[PDB]
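Residue numbers (PDB author numbering), protein chains in the order written: chain e, 17 to 298; chain a, 18 to 298; chain f, 10 to 240, 245 to 271; chain c, 1 to 239; chain g, 1 to 234; chain d, 2 to 69; chain h, 2 to 69; chain l, 2 to 69.
Okay, so here's the structure we're looking at.
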Amino acid sequence: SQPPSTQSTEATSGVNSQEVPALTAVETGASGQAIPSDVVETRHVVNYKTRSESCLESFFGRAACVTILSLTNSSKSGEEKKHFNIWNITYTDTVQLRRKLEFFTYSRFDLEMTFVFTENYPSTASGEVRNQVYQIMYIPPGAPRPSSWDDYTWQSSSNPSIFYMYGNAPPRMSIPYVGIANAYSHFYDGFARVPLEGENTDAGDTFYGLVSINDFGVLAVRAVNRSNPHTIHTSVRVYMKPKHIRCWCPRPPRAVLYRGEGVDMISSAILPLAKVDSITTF
Amino acid sequence: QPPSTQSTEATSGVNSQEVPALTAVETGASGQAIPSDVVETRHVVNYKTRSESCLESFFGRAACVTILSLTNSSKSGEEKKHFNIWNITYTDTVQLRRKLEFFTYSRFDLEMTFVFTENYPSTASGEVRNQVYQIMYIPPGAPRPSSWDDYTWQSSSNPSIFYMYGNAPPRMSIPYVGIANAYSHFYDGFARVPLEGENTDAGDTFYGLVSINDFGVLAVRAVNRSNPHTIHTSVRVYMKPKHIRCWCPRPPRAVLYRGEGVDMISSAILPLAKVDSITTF
Amino acid sequence: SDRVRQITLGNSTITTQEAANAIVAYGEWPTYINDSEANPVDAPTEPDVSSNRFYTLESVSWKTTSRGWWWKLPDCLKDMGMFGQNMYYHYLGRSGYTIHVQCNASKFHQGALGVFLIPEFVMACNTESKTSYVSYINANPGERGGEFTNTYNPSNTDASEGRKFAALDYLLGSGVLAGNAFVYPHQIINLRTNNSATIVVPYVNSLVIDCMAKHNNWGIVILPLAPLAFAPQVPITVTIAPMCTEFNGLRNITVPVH
Amino acid sequence: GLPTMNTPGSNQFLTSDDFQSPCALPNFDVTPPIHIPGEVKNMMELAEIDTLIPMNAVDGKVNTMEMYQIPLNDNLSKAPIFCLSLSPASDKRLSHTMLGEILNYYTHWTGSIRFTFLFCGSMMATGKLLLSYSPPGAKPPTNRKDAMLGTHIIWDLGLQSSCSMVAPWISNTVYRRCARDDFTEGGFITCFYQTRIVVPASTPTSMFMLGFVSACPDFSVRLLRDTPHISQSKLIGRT
Amino acid sequence: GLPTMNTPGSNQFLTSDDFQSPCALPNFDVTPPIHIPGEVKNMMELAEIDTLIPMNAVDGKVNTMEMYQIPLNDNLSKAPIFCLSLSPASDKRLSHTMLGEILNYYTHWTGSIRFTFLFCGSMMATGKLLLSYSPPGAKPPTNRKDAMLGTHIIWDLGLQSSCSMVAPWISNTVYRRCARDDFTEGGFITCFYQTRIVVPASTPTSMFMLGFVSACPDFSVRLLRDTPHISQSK
Amino acid sequence: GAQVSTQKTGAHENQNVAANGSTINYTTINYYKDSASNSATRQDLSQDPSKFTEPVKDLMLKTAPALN
Amino acid sequence: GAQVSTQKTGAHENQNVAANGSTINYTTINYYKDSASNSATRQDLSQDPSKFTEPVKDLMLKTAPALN
Amino acid sequence: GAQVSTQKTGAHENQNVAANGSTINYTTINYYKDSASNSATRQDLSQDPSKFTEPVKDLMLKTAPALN
Ligand SMILES: CCCCCCCCCCCCCC(=O)O
Ligand SMILES: CCCCCCCCCCCCCC(=O)O
C-alpha cells in the first residue's frame with residue numbers, strides 16, 4: 017500500500033477537563049508523550065511525510081572509506097618488501113564510519129566492498145611504466161600469509177581473490193555476513209581468556225576488549241607486475257557499506273575523538289562542548 | 018492521437034453586428050481574433066503540434082553551468098589547488114539562468130553530468146599516470162575539507178563519485194530537494210528581519226534569494242599524490258532539469274547580468290538597436 | 010496503585026511504598042532458550058530457586074561530592090549464592106536480571122539518582138601508553154563495585170592503576186556524554202517522589218548463552234544527576254536477582270585469578 | 001554471461017540524452033507538491049500573450065519608454081505612420097517582444113500572427129486608421145493606394161478603443177526560419193490614415209497608440225537553438 | 001552478440017550505488033538469526049527518546065556533570081532563567097544531545113519538538129514556572145510579558161514531578177536546515193518564574209531542574225550528511 | 002513490467018495519426034528505485050493559455066463588444 | 002522471474018498516495034545465487050518506539066497522572 | 002527459456018527455511034551451445050557417509066554388540 021507517514025495533526029479546541037497529558041513523570045523511565053494537540057489549540061494537518069532516510073538501511077547505505085594502503089612497485093632491492101601490503105580486516109581505521117556503526121551494540125549485515133586505485137611516480141625521475149594489475153586476496157585467520165610479494169601463497173587456491181587492471185571500472189565484491197555469533201558485536205566487555213589462580217599475578221591487560229576477541233584475518237594486496245627502472249607509488253582505498261542491515265540495543269554517540277581501536281580517551285580531547293556566556297544568553 | 022494546433026475553418030464575406038476584430042485591450046485580455054474572423058479563409062487541416070515548446074522540451078537539454086580548476090602540483094606550493102570547492106549554483110552561466118528565469122517558480126528533478134579534460138600546462142612535459150578524480154557533495158551543515166587529503170573525503174555520508182579519466186563522463190540523478198514545495202527563482206525579501214533596536218544600515222547581503230540559497234557545495238579533488246610532472250584539469254559541470262513544472266511566468270532579462278541577482282551594469286542599460294525611421298520596414 | 014509494589018523471586022521478597030512504576034527493558038520479559046535457538050547440545054541445568062534470589066551488594070554512600078558508582082552485573086553476583094557458584098562450575102550460562110535500587114531520604118532532602126543499565130559497559134583504560142590495557146582483576150570489582158571521578162589523569166606505565174579503568178562521570182568512563190545515557194533502559198529516583206526504582210532486563214548478547222567468567226553482558230551505572238543536598246549522606250542499596258537462568262557444560266571448578 | 005556488442009555512439013555524452021541514471025540521493029523524501037497558481041505547461045502559452053512592440057526605435061526614442069509609443073497627429077498626410085518587416089525573431093522591433101523572445105530560442109516557426117492596436121487619445125478624438133498586411137513580394141507599400149491591394153482592416157476610432165489585424169499564414173513553406181532570410185521573408189505590415197484624426201478645440205493634436213503582438217492559436221515552433229541576445233565574459237575556473 | 005550502447009555514468013563508482021555484485025564467498029552459510037532484544041528499525045525511534053539538555057553552558061560548568069543541572073532559587077526574580085535558540089543541530093546546547101547528534105547526520109528536518117522538565121528540589125518546596133516558546137522574527141523574550149504572549153504552559157510543581165512543553169512545528173518552510181541558517185530561525189525557548197518558589201523553613205533554598213529534549217511523532221529528517229563532530233589525523 | 006508506447010513520427014512514417022503500423026511502438030523499463038532516475042516523462046500536451054491571455058472574471062465572447 | 006515495486010515519487014509525480022499511474026514502477030531481477038549479492042531491501046517503515054520510550058510494565062496512559 | 006531458483010539465505014532473511022516469498026529468487030538463462038559453458042550446478046546436499054564409515058556386509062545397529 018502507501019508508505020506509512022508520520023503523525024498527522026487532529027484539530028482540537030480548548031480543554032478545561034481534568035485529563036492532563038501536559039503533566040507527567042520521567043522518573044518512571046518513560047519519555048514524555050505530549051504532542052501539539054495536547055498542549056495547544058490546533059488545526060487539522062495532513063501529514064504525508066515519510067521517515068525513509070532514517071531507516072537503518074538508508075542510514076548505513078553509503079560506502080565509506082575504510083582504509084588507505086600504500087604499495088610501491090620498485091626495482092631497488094631494499095624496497096622490494098614494499099611491493100605488497102597486508103592489512104588487518106577492520107573498520108576502526110576511519111572515524112566517520114565507526115561513529116555510526118558504534119551506535120548499536122549489535123548488528124547483522126552483508127558487506128559490499130569496493131576499491132579505488134590511483135598511482136604516481138614518487139621519485140625524481142619518471143619514465144615508461146606499464147599498466148599494473150593488482151591482486152587483492154583475503155587470507156582468513158589461520159590461513160598462511162605471504163612473506164613476500166612473490167610468495168607461493170598468491171596461488172590462492174582457496175583464498176578468494178581479485179585481479180584488477182588499473183583503469184578499468186573500480187573492482188567490487190559482495191561478502192555475506194561472516195559472524196560466528198548470531199550478530200556482530202561492536203563492543204566486548206570482557207576478556208579473551210580468564211586468568212586463573214596462580215599463573216600471571218594480574219593478567220588481562222594484554223587481552224581485554226573486542227580488539228582481542230574478533231580476528232577477521234587480513235586482506236593482502238600486492239602489485240602483480242614485476243619491477244621497473246622507474247617506480248610507482250600506488251594507493252589503494254578500500255570502501256565499505258553494510259547492506260541488508262539490522263541493529264539492536266542503541267547507544268549514545270561518541271563525544272570524544274577515538275583513541276584508536278579501543279574506547280580509550282586522549283587527555284588532550286575530553287572536552288566536547290563549547291561554552292556559552294550564560295544560561296540566559298541565547 | 019496527440020492534440021494538434023487548431024485547424025482553420027473555411028469562411029466567406031461577413032456583414033453583421035459582430036465585432037471579433039474590435040476589442041478593449043484595457044481589460045487585460047489579449048485580442049482573440051484569428052484569420053477566420055478577419056479574412057476569407059479556406060479549410061485547412063492542422064496536424065502540426067506544439068510538443069517542441071512544451072516545458073519539458075524547452076528545458077530538455079544539459080547546459081554547462083560552471084568550470085572548476087584542479088591542479089596536481091609537484092611544487093612545494095599549490096597543494097591547495099588539488100581540490101576545488103564550489104557553491105552549487107547555475108548563476109555562473111547566462112544562457113541557462115536566462116531560460117530558468119522565465120518563471121518565478123519551478124519544480125524539477127535535476128541530473129548532473131561532468132566532463133573532465135586535462136593538459137600538461139608546463140614546459141617540462143613528461144610522464145603522468147592516468148589520474149582519478151573524486152566528486153564529493155558536501156550538504157549544507159556538513160564540514161568542508163581543508164585539503165585534498167583531509168579526512169572528510171572519507172565520505173561516510175556525503176555521497177561521491179569516483180571517476181577514472183577516460184571512462185564515460187560520470188553522471189548522477191538528484192531529486193527535487195527544496196524545503197519549499199517549489200524552487201524560487203526570485204525572492205523579494207530578506208533572510209532575516211532587522212528589528213527596531215538594530216542599526217539602520219540594514220542591507221549587508223540580507224536582500225535577495227541569494228541569502229536564502231544554501232544547497233551545499235561541490236568539492237572536487239584529484240585523488241592522488243603529487244607527480245613530478247604536473248597537470249591542469251578543467252572540470253565542466255553540466256545540468257539538465259528533468260520532470261519540470263513551472264509557475265507564474267515572467268519576461269526574460271534583456272541586459273547582461275551583474276552577479277548573482279538582478280543587479281545592472283551601467284554599460285548595458287540600452288539593449289535595443291536603433292532604426293532610421295518608424296516607417297522603415 | 011503503581012507506586013506500591015511487591016516483587017518476589019525464589020525465597021526473597023522485596024516491597025516498597027514509593028516505586029517509580031517498573032521498567033522491562035525493550036518490553037521483553039526475560040526467558041529461557043527455546044529449542045529453535047539452542048546452541049549447545051548438552052542438556053541444561055535450571056537451578057531455579059537455588060540461584061533466583063535477591064541478593065544485596067554492599068551499600069554505598071551518597072555524598073555531595075560523589076560522582077557515581079558502577080558494577081558489572083554477572084560479576085557482582087559471582088561472590089554469592091548458588092548463582093555465584095554455578096558460574097564456576099559451568100562453562101556457559103545465561104541470566105536475565107531484576108535490579109532494585111533504593112535510596113532512603115526525607116522529604117527535606119533533594120537531589121536525584123539516574124539508574125542506567127548498560128549492555129556492554131566497556132570502559133576506557135586509564136593510561137596513554139597502551140590501548141584497552143586493563144587487567145582482569147581491576148575490570149571485575151565483584152560485590153564491591155567501582156566508582157567515577159571527574160578528572161582524567163592517565164598513568165605513566167603501570168605506576169598506579171595503569172591497568173585500571175578511567176572513569177570520567179560526565180563521559181561515563183567511555184567518551185560518550187552522560188546526558189544521552191537515557192537511551193539505555195533507565196529510571197530516576199528523585200528524592201521528591203520515589204525511594205526506589207526497578208528495572209528488569211533480558212539476557213542480552215550476540216549469543217544465546219556465553220561464558221560468564223569472560224563476558225559481562227550488562228553493567229549498572231548510578232549517577233547523581235541532581236546533587237545531593239539537605240537543610245548530608247544517604248546510603249544507596251542495590252539488590253539484584255538473576256532470573257530465568259540456565260547453565261551448560263559442567264567443567265572443572267574454575268578459580269579466577271585473585 | 002550474455003554476449004553483447006557495443007554500437008557506435010557508445011560512451012559519449014549527448015546533451016539531448018534521455019537515458020536513465022542512478023540516484024545520488026536514494027530514498028529521498030521529496031517535499032510534496034502543492035497547488036501553485038499560474039502553472040505553465042507550454043512556452044507557447046506565453047507566446048500567445050499580447051505584449052508591446054518597441055516600434056519607435058529611432059534615435060532619441062530608442063531604449064526609453066517613448067519607444068513603445070506610436071505617434072499620431074491630426075495633420076493631413078498620406079504618408080504611412082509606420083512600417084514593419086514581418087520577421088518576428090529578426091526585426092529589431094519584433095525580436096524583443098515576448099513573442100520574439102520566445103522565438104529567439106527557435107530556429108523555425110509557423111502560423112498566423114496577431115497585431116493589436118490600442119488608441120490612447122482623448123475621448124473627444126476621432127478618425128480612422130488603415131492597417132494592412134501583404135505577402136513578401138512585389139514592393140513594400142509606400143502609399144495607401146498600394147496598401148489597399150492586400151489584406152486590410154479599417155478601424156473606426158470609438159468606444160471600442162482597440163482593434164486587431166491578423167497576418168494570415170501565407171507562405172510557400174510550412175515553416176519559416178527565425179534567422180533573417182530573404183528566401184523566407186515574411187511580408188510587410190503598414191499603417192496609413194484612412195481619415196485624419198479629428199481634434200476638437202481643447203483636445204491635444206498629437207496622440208499615441210500602443211501596438212501589440214502575439215501568437216495566434218495555430219502558431220507553432222519546430223526546433224530549439226541558443227539565443228544571440230545574452231552573453232558574458234569567458235568563464236574562468238575558481239583557483 | 002546483442003547490440004548495446006554504454007551511457008554516461010558508465011564505469012564510475014558512486015558511494016550511493018545500489019547494484020548487485022558477485023559474492024566473494026559462494027554458498028556461504030550465514031549464521032541463523034535469533035530474536036535479539038531491543039531491535040531498532042529506524043533512527044527516528046532514537047530521536048523520540050528523551051535525553052538531557054546540557055543547558056548550564058556557563059564557563060566552569062562546561063564539560064562536567066553539572067552541565068546538565070539548571071539552578072533555581074527561591075529568591076524573587078523576574079529575570080529569564082533559560083535561553084535556547086532551538087536549532088537542534090546547530091545550537092551549542094542541543095547539538096550534542098542525542099536528538100541533535102542524529103540531526104547532525106541530516107541536512108534538513110521537520111516536526112514539533114518536545115521539552116520535558118523534572119524538578120529535583122525538596123519535596124517540601126512548591127511553586128509555578130512559565131515554560132514558553134516564541135516563534136522567530138521577533139524581539140527575544142526579554143521579560144515574562146513577552147513569554148506570556150507566545151505559546152506557553154504553566155508548570156505547577158507537585159506530585160507529578162515532570163511536565164512537557166511542546167514547541168509546535170510552526171515554520172514557513174516545510175523543512176528547516178539543520179545548518180545554522182539565519183533564514184530558518186528557530187525562535188526562542190525561555191522560562192520565567194510564574195511565582196517565586198515557595199520554600200518552607202529548614203529546607204534547601206537552592207535546587208536544580210533537569211531538562212530533556214526529544215522528537216515528537218510528526219518529526220522526520222531528510223538527506224543524510226557527514227557530521228562535523230568527529231575528526232581525525234590524516 | 003515494461004511500459005509500451007508510441008514513438009514520435011519521422012520521415013518514412015504515416016499520416017501522423019499513429020494508427021498505421023505497430024512499428025511505431027517502443028518499450029522501456031525503469032531500472033532505479035527513485036522515480037527521479039527515470040527518463041523524462043511522456044509529454045503532456047494539454048494547454049490552457051486562457052489563464053494568461055484572458056483571465057477575466059466576467060467572460061466576454063470574442064464577437065461581443067468588449068465594452069457595452 | 003522479475004519482481005516489481007512502487008518507485009519513490011519525484012518532482013512531476015503524483016501525490017503521496019503513489020497509487021496514481023502504473024508508470025511508477027521499478028523492475029528487478031536478481032542475477033546471483035547468494036542473496037548477499039542482491040541490492041538493498043525495500044524501505045521498512047515499521048516502527049515501534051515503545052521499546053525505548055515507554056517500556057513500562059504497568060499500563061501507563063498519557064492522560065492519567067504518571068504517578069498513581 | 003529461463004529457470005528460476007531460490008537463493009541461498011543472506012543476512013536479512015528471517016526465514017532460514019527459505020520461506021519468505023518471491024523475495025528470494027534468482028533467474029538464470031544458459032547462453033551457450035555446450036553445457037560445459039553453463040555456470041556451476043545446483044547444490045545437492047544428498048550424502049551417504051556409510052559408504053566410507055560403515056561399509057559392512059552385515060548390517061550393524063548402533064547398540065548391537067559389534068560381535069556376538
Ligand atoms: C575476498 C574478500 C573477503 C574478505 C572477508 C573479510 C570479512 C569482512 C567483514 C569485516 C567486518 C566484520 C566486523 C563487523 O561487520 O562488525
Ligand atoms: C549530490 C549533489 C546534490 C546537489 C544538491 C543541489 C541540487 C540543485 C538545487 C537547486 C538549485 C537552485 C534553484 C533556484 O535558484 O531556485
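Heads up, the beta-carbon is just placed ideally off N, CA and C, and yes, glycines get one too.
Give the C-beta separation of residue i and residue j to the nearest angstrom, bearing in mind that I take them to be a contact with Cβ-Cβ under 8 angstroms.
| i | j | result |
| --- | --- | --- |
| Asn30/f | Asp11/f | 5 angstroms |
| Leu131/c | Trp155/c | 7 angstroms |
Strictly below 9 angstroms CB to CB, what residues from chain h border residue i?
| i | result |
| --- | --- |
| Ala12/l | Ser36 and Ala37 |
| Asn30/f | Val57, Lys58, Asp59, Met61, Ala67 and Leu68 |
Could you check if residue i is buried or exposed, using at least 16 other CB atoms within 10 Å of its CB as the buried criterion?
| i | result |
| --- | --- |
| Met123/c | exposed |
| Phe19/c | exposed |
| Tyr122/a | buried |
| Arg59/a | exposed |
| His260/e | buried |
| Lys145/g | exposed |
| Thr66/e | buried |
| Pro56/d | exposed |
| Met281/a | exposed |
| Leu149/c | exposed |
| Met153/e | buried |
| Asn61/f | buried |
| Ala52/f | exposed |
| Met65/c | exposed |
If the cut is a Cβ gap below 9 angstroms, which residues of chain g does residue i touch?
| i | result |
| --- | --- |
| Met129/a | Neighbours of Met129/a on chain g: none; closest Cβ ~10 angstroms, over 9 angstroms. |
| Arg76/f | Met65 |
Which chain g residues sit within Cβ distance under 7 angstroms of residue i?
| i | result |
| --- | --- |
| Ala199/e | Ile36 |
Residue i versus chain l: which residues are under 7 angstroms apart at the beta carbon?
| i | result |
| --- | --- |
| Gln4/h | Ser23 |
Run down chain c in chain order and give the residues with a C-beta less than 7 angstroms from the C-beta of residue i.
| i | result |
| --- | --- |
| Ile191/a | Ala24 and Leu25 |
What does residue i touch in chain h if you count any residue whose Cβ is under 7 angstroms from its own?
| i | result |
| --- | --- |
| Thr42/d | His13 |
Show which residues of chain e have a CB atom less than 8 angstroms away from the CB atom of residue i.
| i | result |
| --- | --- |
| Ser243/a | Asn136 |
| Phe13/c | The premise fails here: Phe13/c is roughly 17 angstroms from chain e at the closest Cβ pair, so nothing lies under 8 angstroms. |
Note down, in chain order, every chain l residue with its Cβ under 8 angstroms from the Cβ of residue i.
| i | result |
| --- | --- |
| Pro3/c | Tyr32 |
Quick one: any contact between the stretch 61 to 71 of chain f and the stretch 212 to 225 of chain f, if contact means 3 or more CB pairs under 8 angstroms? no
Counting Cβ pairs, one atom from each stretch, are 3 or more of them under 8 angstroms apart for the stretch 43 to 57 of chain c and the stretch 201 to 213 of chain c? yes
On the three-pair Cβ rule with 8 angstroms, is the stretch 79 to 86 of chain a touching the stretch 254 to 271 of chain a? yes
Stretch pair the stretch 2 to 10 of chain h + the stretch 25 to 39 of chain h: three plus CB contacts closer than 8 angstroms: yes
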